[PDB]
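Heads up: the sequence lines are chains Z and W, in that order.
The UniProt record's numbering numbers the first residue of the first sequence as 67 and each following residue consecutively.
The UniProt record's numbering numbers the first residue of the second sequence as 67 and each following residue consecutively.
Positions of the beta carbon are idealized from the N, C-alpha and C atoms, including for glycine.
Number of protein chains: 2
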Amino acid sequence: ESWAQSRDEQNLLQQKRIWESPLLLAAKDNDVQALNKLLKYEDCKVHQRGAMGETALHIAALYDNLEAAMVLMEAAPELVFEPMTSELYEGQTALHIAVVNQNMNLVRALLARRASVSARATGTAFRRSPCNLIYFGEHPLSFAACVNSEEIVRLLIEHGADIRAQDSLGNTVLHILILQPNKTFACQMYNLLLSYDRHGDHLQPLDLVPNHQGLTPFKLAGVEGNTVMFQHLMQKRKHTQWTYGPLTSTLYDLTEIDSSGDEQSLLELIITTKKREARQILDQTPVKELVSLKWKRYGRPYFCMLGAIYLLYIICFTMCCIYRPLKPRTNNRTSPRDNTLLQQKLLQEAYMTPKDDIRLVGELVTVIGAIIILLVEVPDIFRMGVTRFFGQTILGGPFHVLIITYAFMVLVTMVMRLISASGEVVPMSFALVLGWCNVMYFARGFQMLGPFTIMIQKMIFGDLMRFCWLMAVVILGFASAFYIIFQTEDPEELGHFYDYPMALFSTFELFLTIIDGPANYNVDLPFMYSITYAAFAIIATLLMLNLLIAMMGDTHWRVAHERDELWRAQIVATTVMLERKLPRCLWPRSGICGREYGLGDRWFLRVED
Amino acid sequence: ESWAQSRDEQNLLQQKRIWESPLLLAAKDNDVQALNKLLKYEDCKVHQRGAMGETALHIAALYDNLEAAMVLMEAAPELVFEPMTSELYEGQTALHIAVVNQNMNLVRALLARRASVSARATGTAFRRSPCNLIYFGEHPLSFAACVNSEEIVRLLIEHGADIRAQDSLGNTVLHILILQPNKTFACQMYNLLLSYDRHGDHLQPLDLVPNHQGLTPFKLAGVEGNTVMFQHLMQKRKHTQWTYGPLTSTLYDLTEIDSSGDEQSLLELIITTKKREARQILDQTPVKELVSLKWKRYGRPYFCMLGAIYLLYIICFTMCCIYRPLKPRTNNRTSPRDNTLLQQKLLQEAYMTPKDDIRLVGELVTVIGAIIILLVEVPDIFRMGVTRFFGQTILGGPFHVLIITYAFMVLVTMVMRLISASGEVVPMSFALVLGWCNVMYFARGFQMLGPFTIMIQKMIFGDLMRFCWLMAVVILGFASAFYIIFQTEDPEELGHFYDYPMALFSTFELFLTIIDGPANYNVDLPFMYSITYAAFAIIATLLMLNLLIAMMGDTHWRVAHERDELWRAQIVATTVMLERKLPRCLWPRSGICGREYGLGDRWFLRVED
Ligand SMILES: CCCCCCCC/C=C\CCCCCCCC(=O)O[C@@H](COC(=O)CCCCCCCCCCCCCCC)COP(=O)([O-])OCC[N+](C)(C)C
Ligand SMILES: CCCCCCCC/C=C\CCCCCCCC(=O)O[C@@H](COC(=O)CCCCCCCCCCCCCCC)COP(=O)([O-])OCC[N+](C)(C)C
Ligand SMILES: CC(C)CCC[C@@H](C)[C@H]1CC[C@H]2[C@@H]3CC=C4C[C@@H](OC(=O)CCC(=O)O)CC[C@]4(C)[C@H]3CC[C@]12C
Ligand SMILES: CC(C)CCC[C@@H](C)[C@H]1CC[C@H]2[C@@H]3CC=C4C[C@@H](OC(=O)CCC(=O)O)CC[C@]4(C)[C@H]3CC[C@]12C
Ligand SMILES: CC(C)CCC[C@@H](C)[C@H]1CC[C@H]2[C@@H]3CC=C4C[C@@H](OC(=O)CCC(=O)O)CC[C@]4(C)[C@H]3CC[C@]12C
Ligand SMILES: CC(C)CCC[C@@H](C)[C@H]1CC[C@H]2[C@@H]3CC=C4C[C@@H](OC(=O)CCC(=O)O)CC[C@]4(C)[C@H]3CC[C@]12C
Ligand SMILES: CC(C)CCC[C@@H](C)[C@H]1CC[C@H]2[C@@H]3CC=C4C[C@@H](OC(=O)CCC(=O)O)CC[C@]4(C)[C@H]3CC[C@]12C
Ligand SMILES: CC(C)CCC[C@@H](C)[C@H]1CC[C@H]2[C@@H]3CC=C4C[C@@H](OC(=O)CCC(=O)O)CC[C@]4(C)[C@H]3CC[C@]12C
Ligand SMILES: Clc1ccc(CO[C@@H](Cn2ccnc2)c2ccc(Cl)cc2Cl)cc1
Ligand SMILES: Clc1ccc(CO[C@@H](Cn2ccnc2)c2ccc(Cl)cc2Cl)cc1
C-alpha cells in the first residue's frame with residue numbers, strides 16, 4: 067500500500083530527472099552526438115545522480131544503448147566502479163544491468179575495464195519478497211544464471227566471478243536457480259554452474275553448501291515444490307546396480323531424504339511447510355517408496371496399537387462419568403420449573419462403598435492418562451513455536467487442540483472433585499464429547515476411513531463456516547420476530563419463544579428442522595406468526611440447499627484429487643511424528659546401511675523397477 | 067410481429083415489381099441486350115420506382131451486374147444521384163450498394179460520375195435495432211469499414227469522404243467498428259481510419275469524439291464488452307517506462323477509466339449496463355489492478371467500518387423491540403381460543419419508569435438511523451430513474467429495496483407509537499427480519515462469504531421461484547382435499563385442517579416436512595386421508611428432489627465460474643458507490659498525478675510486470 071505507493075513515485079521521479087538532465091536524456095535515446103557536445107563543453111558532472119542514484123552509464127545500460135554507453139566509458143572510466151545509491155537499487159552497478167538485459171557487447175566492454183564481478187546488489191528491489199517480481203540473487207553470476215545466459219556465465223567465471231558467493235539469505239547461485247519460474251532452464255544452468263566446481267580443495271561441494279536456514283539446494287527443491295529440479299538432483303543420488311531386460315535395480319542415497327533426527331530432513335521440511343507443491347514431492351520415486359514402506363512395516367502397527375489404547379482409555383473415562391457419585395437433593399424445589407432430582411455428593415460421601423473403589427481405579431487411570439497427554443503435547447510445542455508454529459500445526463492438524471483441551475477438562479474435573487465444587491457435569495460433558503471425537507484422529511490409519519475424514523476438515527473450516535455466519539444472521543432476525551409475536555401470548559400453550567434465549571434456541575432448531583413447527587390448533591395463534599414462519603421456512607430451505615450446492619462443487623472436481631493426496635500427506639505426517647517420539651529399538655531405521663557392502667556410512671533404499 | 071410481417075410483404079413486393087417491369091428484370095439477370103432494346107424504343111422511364119423506391123441502377127448494384135449497370139449510367143447519369151425513397155431503405159444510393167457488395171469496378175465507375183460520398187442512408191433497415199442484422203452506420207465510409215474493404219475505404223477518402231461524419235446516433239465510423247461482430251477485422255480497420263486523422267486542425271482527434279450518449283470509442287468498447295477492441299485501444303494509453311530483463315514497468319493513462327465524478331466513467335458504465343460481456347473488461351490489465359488496489363486500500367476498510375455501524379444499529383433496534391412496552395390485558399377473553407395475555411401500553415404509560423428512558427434513547431437512535439437511510443437512498447434514486455433505472459439496479463442489487471423497506475417499517479412503527487395504534491408487532495416483525503437480513507449485504511466485503519451469497523440471489527430469483535409456483539399448485543389441490551376429508555370430522559382430535567386458511571398453512575408445512583403427519587391412533591381417521599396423504603408425500607418427495615436436481619446442474623458448471631466473476635463485479639459496484647458518496651478527503655484519488663513528473667494533468671497507474 068504505502069510502500070508500493072512510494073516505489074511508484076520514485077519510478078516516476080526517475081523518468082522526470084532523465085528528461086530534465088541533458089546528459090541522462092541523451093543516454094536514454096542513444097543520441098551519441100548529444101553525448102559529444104556536453105563533453106565538448108566541459109568535463110562536467112558525469113557524477114550526476116538521478117532519483118535512484120543513476121549515472122548516465124546506468125541509464126545507457128538500462129535502455130540497451132551500446133554506442134551511448136561507450137562515450138561515457140572513454141570520457142569517464144570510473145563510472146563502471148559506481149553503484150546506485152538509493153535504498154531501492156543499492157549496490158547495482160552497470161555490470162548487473164548489462165547482464166540482465168543480455169547485452170553481451172556491453173558486458174564484454176565492462177569486463178575490459180575491470181568491472182567488479184563481486185559487486186553486491188543489496189537493494190530492496192532485489193530481496194526475495196512477495197512485492198518483487200524477480201529474485202535474482204545479488205551477484206552478477208546470479209543475475210546471469212537467472213536470465214538463461216550460458217555465454218555470460220562463462221564470460222564472468224573466466225574473469226574471476228566466484229561461484230561460492232552467498233547472499234544476505236545465504237543462497238548461493240545453485241539455491242537461486244531453484245527459486246526460478248522457468249524450471250527447465252534452471253536444470254541446464256544447474257549443470258553448467260556445477261561443472262565449474264572442479265575444485266576439490268574448497269572443503270565442500272556446491273550442491274552441499276547450506277543457506278542461512280540450513281537448507282542445501284536438494285532440500286530447497288523439496289521445500290519449494292520444485293519437482294523438476296528435484297528429479298534432476300535425485301539422479302546424482304541414484305546408483306543403478308544392474309539391468310536385466312526390462313528390470314533395473316536402482317539404489318538410492320536416502321541421506322538428506324530420510325529423517326535422521328539430528329537435523330531437519332526432507333520429510334520433516336515438506337510436512338511443516340505452507341507450499342502446496344511441496345506435497346507433490348511425496349509422489350517422487352525415492353520418497354514414495356520410502357514412506358510407504360515405513361508405514362506398512364512399522365508406522366501402521368504402532369498407530370493401530372496406539373489407537374486401541376486410546377479406545378480403552380476413553381471407555382474407562384466414559385464409565386467413570388456414567389457412575390459419577392450422585393445423591394438425592396436436600397432442599398425443596400424453588401419453583402415448579404425446577405426439574406432437578408439428584409445432586410452430586412461431597413468428597414467424603416463419594417467413596418464409602420465397594421462400587422466407589424472400582425471407580426476410583428478408573429478415575430486415577432483417567433487422571434494419569436490426562437497428565438501424560440499434557441506431558442507429551444505441552445512441552446513439545448514449547449520447543450516449537452508456542453502459538454505461531456503451533457498454530458501452523460493446527461491448520462495441519464486440529465487434533466492437537468482437541469486432545470490438549472480434553473486433558474485440561476479432565477484435570478478441571480479433578481480439581482472440582484477435590485474442592486467439592488458444584489457443576490462437574492460441565493467439564494465432563496466437554497470431555498466426553500472431545501474425548502470421543504478424538505477417536506476419528508485414528509481414522510487416518512485405515513484406508514477406508516482416511517480420505518473420508520479429511521473432507522470433514524475441509525468442510526468445517528470451509529463451507530460450514532460460510533453457512534453458519536449467514537445462519538446466525540437469519541436466526542437473529544427470526545428469533546427476534548418470533549419473540550415479539552408471542553410476547554403478548556400465553557406461554558403455557560406454545561412455549562417455544564417464552565424468553566429470548568429460548569426463542570433464539572428454538573429458532574436454531576426450527577432452522578435445522580430438528581424440532582417441529584410450533585402449533586396448537588386449540589387456540590388462536592397470531593396471524594403474524596404464520597406469515598413469518600412461512601418466510602422463515604423458505605429462507606431456511608434456500609440456505610440449507612445453498613450449502614448443499616456449495617459443499618458439492620467444491621468437493622467433486624476441486625478437492626477430490628486433493629483429499630487423497632492429503633491423506634497420503636497425513637500418513638507421512640503421522641509417520642514422521644511416530645518415528646520422532648519412539649526410540650530406535652522400536653523403530654528400525656529405513657534402508658540398508660553401508661560399511662558391510664562397500665558403500666560407506668550411508669543408508670540405501672533399493673528399488674527394483 | 068406486425069412490422070416484421072410488413073417487411074416480408076415489401077420484400078416480396080420488390081421481387082414482383084422486378085418481374086413485371088422489363089427494365090428492372092433486365093438489370094437483375096444482366097441481360098445487357100435487353101437493356102439496349104428498351105432504350106432503342108424511347109428514352110423511357112428510367113425513373114421507374116420499385117417497391118422500395120428502387121431504380122434499375124439500384125437493381126444492377128444489388129445483383130452484382132457490372133455490364134447491366136453501365137448501360138443505365140451512359141443513358142441516364144442522373145440515376146447515380148437518386149436514393150431509395152421508401153421508409154425501409156431511405157437515403158440508400160447505388161454507391162451504398164456497390165460498397166457493401168465490394169463491387170470495386172462498379173464503385174470506381176460511380177466515383178467517376180461524382181457519386182455523393184456524403185449520402186445518408188437513413189432508412190429503418192439501417193438503424194441499430196434488435197430487428198436489423200446489420201448496423202453499418204449510414205455513410206459509404208461507414209459501409210466500407212464494416213465489410214472489411216481496405217481498398218474502397220482508401221478510394222472514398224481520396225475522393226472526399228469525410229471521416230468526421232456522424233449518424234443519427236452520433237456514432238462516427240470509429241464507433242461503428244466497435245459494434246461489429248468480427249472484432250479482429252475491426253482492429254485493422256480501426257488503425258487505417260485512424261491513420262487518415264492527419265488533421266491537427268479539426269479541434270479533436272477521431273478517437274475522442276463522443277456520440278449522443280457521450281461515449282467515446284474507448285468507452286463504447288467497454289460498454290459493449292468488446293474486449294478485443296478494448297485491449298487494442300488501451301495500447302494507445304500505455305507508456306513503457308523501462309525494460310529490465312523480464313521486468314517491464316508500464317504506465318497507464320487512467321483518464322477515461324477512473325471515476326473522476328464529473329462525467330460517467332468506464333467503471334460506472336460497465337456496472338450499470340445489461341451486457342454480460344462488459345463484465346469481462348474488469349479483468350483487463352489497467353482495470354483489474356485499478357479496482358483491486360482501491361478496494362484493498364480504501365474500499366474494504368470503509369465497508370467493514372460501515373458494516374460495524376449497521377451491526378450496532380440493528381442490535382439497538384432489536385433491543386428496542388425486545389423491551390417494547392406491554393401491560394396485562396384489561397377485558398376478559400372473548401372465547402377459549404383467545405390466547406392473549408398482554409397488550410401494548412398507550413403512549414402515556416409507555417414512558418413512566420427509568421427503564422423506559424434508556425429505551426427511548428435507543429428508539430430515537432432507531433428513528434434517526436431510519437431517516438438517514440431515507441435521506442441517502444430516496445433522493446439519490448430520484449436523480450436516477452425513479453422506477454426503471456432504479457429497478458435496473460434492483461436486478462443488480464436487491465438490498466436497495468430491502469433497506470428502504472426497513473426504514474419505512476420503522477417510521478410506520480413510530481407513527482403507530484404516536485397515535486397509539488394497536489398492532490405494532492406487524493411493522494416491527496417485518497423490520498426485525500428485513501433489518502437483520504440486510505447484514506448479508508456486508509457478506510460481499512469478506513472473501514469467504516462473498517461468492518456464497520450471490521448464489522443465494524441466483525437461486526431465489528431462479529430455481530426457488532420455479533419451485534414455488536409448482537409448490538403452490540400442489541398445496542392448493544391437497545389442502546382442499548385435506549379440508550373436505552376432515553370437514554365432517556371432529557377437530558378436537560386432529561385440528562390441522564379445521565378451517566381453510568389453517569388447512570392451507572398445514573399443507574404448506576406438511577409439504578416442507580416441518581410439521582409431522584397428522585395422526586391420532588385413538589380414533590378412526592377417514593380412509594380417504596391415508597390415500598391422499600400417501601399421494602401427497604410422493605409428489606412432495608418428487609418436487610423437493612426435483613428442486614435439488616435443478617439447483618444443482620444450474621450451479622456447478624453453469625454459474626460457478628460466473629459467481630466468482632459476479633463477486634468481483636460486486637466489489638467494483640461497491641467501490642464505485644463508496645467513492646461516489648464519500649468526500650475526497652476520505653478517498654484519495656487513485657493513481658499518481660502528473661505536473662510534477664512532466665506528464666501533464668493526467669493521473670497514472672504504474673504496473674510492473
Ligand atoms: C458462526 C456464528 C457466530 C455468531 C453467533 C451469534 C448467534 C447468537 C448468539 C448470541 C447472541 C445473543 C446474546 C444475548 C442473548 C440473551 C441475552 C439476554 O439476557 O436477554 C435479554 C436481552 O436480549 C436482547 O435482545 C439483547 C441481545 C440482542 C441480540 C443481538 C446479537 C448480539 C451479537 C451480534 C453478533 C452478530 C453475528 C452475525 C455477524 C454479523 C432480554 O431477554 P429476556 O430474558 O427475554 O428479557 C425480556 C425483557 N423483560 C424482562 C422485560 C421481559
Ligand atoms: C409463488 C406462489 C404465489 C401464489 C400463492 C398462492 C398460494 C395460496 C395463497 C392464497 C390463496 C388462498 C386465498 C383464500 C384463502 C382463505 C379465504 C377464506 O376466507 O376461506 C373461505 C373461501 O375459501 C375458498 O375455498 C376460496 C379460495 C379458493 C382458493 C383458490 C386459489 C385462489 C388464488 C389462485 C392463484 C393460483 C396460484 C398458482 C398459479 C397458477 C372459506 O374458508 P372457511 O373459513 O374454512 O369457510 C368454510 C365455509 N363454512 C363457513 C360454511 C364453514
Ligand atoms: C493411565 C494410562 C495408562 C492411560 C492411557 C493413556 C493413553 C490412552 C494416552 C496417553 C498419551 C496419549 C497420546 C499422546 C499423543 C498423541 C498424539 C496425537 O496427535 C495428534 O492429535 C496430532 C494432530 C494432527 O496431526 O491432526 C494423537 C493422540 C496421541 C497418539 C495420544 C493417544 C493416547 C495416549 C497414548
Ligand atoms: C459438550 C459440547 C458442548 C462440546 C463443545 C463442542 C466443541 C468444543 C467440539 C465438540 C465436537 C468437536 C468436533 C468433533 C470432530 C471434528 C472433526 C475434525 O476433523 C478431522 O477429523 C480432521 C481431518 C482429518 O485429520 O482426517 C476436526 C475437528 C472437529 C470439527 C471437532 C471440533 C470441536 C468440536 C465441535
Ligand atoms: C458454528 C456452529 C458450531 C454453530 C453455528 C451458529 C452458532 C454460533 C449459534 C447459532 C444458534 C446458537 C444457539 C441458539 C440459542 C441458544 C440458547 C442459549 O440459551 C441459554 O443460555 C440456555 C438455553 C436456552 O434457554 O435455550 C444457549 C446457547 C444457544 C444454544 C446457542 C448456541 C450457539 C448457536 C448454535
Ligand atoms: C442514529 C444513527 C447513528 C444510526 C446509525 C445509522 C447507520 C447504521 C445507517 C445510516 C445510513 C446507512 C447506510 C445507507 C446506505 C447504504 C447503502 C446500501 O447499499 C445497498 O444496499 C446497495 C444494494 C446492492 O448493491 O445490493 C447498503 C447499506 C448502507 C451502507 C447503509 C448502512 C447503515 C447506515 C450507515
Ligand atoms: C416478518 C416476515 C413476514 C418478513 C417478510 C419476508 C420478506 C419481506 C423478506 C424476509 C427476508 C427477506 C430475504 C432475506 C435475504 C435475502 C437474500 C438476498 O440475497 C443476497 O444477499 C443477494 C446477493 C449478494 O448481494 O450477495 C436477496 C433478498 C432476500 C431473498 C430477502 C428477500 C425478502 C425477504 C424474503
Ligand atoms: C415464494 C415463497 C416465499 C413462498 C412460496 C409459496 C407462497 C406464495 C405461499 C404457499 C403457501 C402459503 C401459506 C399457506 C397458508 C397460509 C395460511 C394463511 O392463514 C392466515 O391468514 C392465518 C394463519 C392460518 O390460519 O394459517 C396465512 C398465509 C399462509 C401462511 C400462506 C403464506 C404464503 C405461502 C407460503
Ligand atoms: Cl471414527 C473411527 C476411527 C477409527 C476406527 C477404527 O475402526 C476399525 C474398527 N475397529 C477395530 C477395533 N475397534 C473398531 C476399522 C474401521 C474400518 C475398517 Cl475398513 C477397518 C477397521 Cl479395523 C473407527 C472409527
Ligand atoms: Cl451474513 C454475514 C455477513 C457478514 C458477516 C461478517 O462476519 C465477520 C465476522 N464478524 C466480525 C464482527 N462481527 C462478525 C467475518 C466472517 C467471515 C470471515 Cl472469514 C471473517 C469475518 Cl471478520 C457475517 C455474516
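query                                                                                                 : result
Exposed unless 16 or more other CB atoms sit within 10 angstroms - verdict on residue 425/W           : buried
Contact set for residue 433/Z: own chain, Cβ-Cβ below 8 Å, skip 5 residues either direction           : 476, 477 and 480
Closer than 8 Å to chain Z by CB, residue 545/W                                                       : no
Beta-carbon spacing of residue 137/W, residue 101/W below 8 Å                                         : yes
Enclosing beta strand (DSSP E) for residue 304/W [first to last residue]                              : 304-310
Option nearest residue 95/W by Cα separation, candidates 129/W, 514/W, 360/W and 287/W                : 129/W
For residue 474/W, three-class secondary structure by DSSP                                            : helix
From 204/Z, 286/Z, 185/Z and 519/Z, residue whose alpha carbon lies closest to that of residue 193/Z  : 204/Z
Beta bridge counterpart(s) of residue 318/W as assigned by DSSP                                       : 304/W and 671/W
Partners in chain Z for residue 679/W, counting only beta-carbon separations shorter than 8 Å         : Lying before the first or after the last residue shown, residue 679/W is absent from chain W, which here runs from 67 to 675.
Chain-ordered residues of the region 313-328 of chain W with a beta carbon less than 9 Å from chain Z : 313, 315 and 317
Reduced DSSP category for residue 82/W - H, G, I as helix; E, B as strand; rest coil                  : helix
Of the listed residues 190/W, 294/W, 373/W and 82/W, nearest to residue 252/W (C-alpha basis)         : 294/W
Interface partners of residue 602/W on chain Z, CB under 9 Å                                          : Those do not exist, as residue 602/W stays about 17 Å from chain Z at its closest Cβ, beyond 9 Å.
C-beta atoms of residue 227/W and residue 183/W nearer than 8 Å                                       : yes
Opening and closing residue of the beta strand (DSSP E) in which residue 393/W lies                   : 392-394
Within 7 Å of chain Z by C-beta, residues of the region 366-378 of chain W in sequence order          : none
Contact under 8 Å by Cβ, residue 673/W with residue 316/W                                             : yes
Short CB-CB distance (under 8 Å) between residue 564/Z and chain W                                    : no
Buried or exposed (CB count within 10 angstroms, at least 16 for buried), residue 640/W               : buried
First through last residue of the alpha helix (DSSP H) which encompasses residue 414/W                : 413-416
Reference residue 186/W; option with closest CA among 161/W, 284/W and 440/W                          : 161/W
Listed by chain order, chain W residues near residue 422/Z by CB distance under 7 Å                   : Near residue 422/Z there are no residues of chain W at all, since even the closest Cβ is about 45 Å away, more than 7 Å.
Cross-chain neighbours of residue 583/Z in chain W, by beta carbon under 8 Å                          : 575, 580 and 581
Residue 636/Z, enclosing alpha helix (DSSP H) - first and last residue                                : 626-647
Extent of the continuous beta strand (DSSP E) to which residue 408/W belongs                          : 408-410
Any non-hydrogen atom of ligand 1 within 7 Å of residue 385/W CB                                      : yes
Cα-Cα separation between residue 395/Z and residue 488/Z, rounded to whole angstroms                  : 13 Å
With 16 other Cβ atoms within 10 Å as the buried cut-off, status of residue 90/W                      : buried
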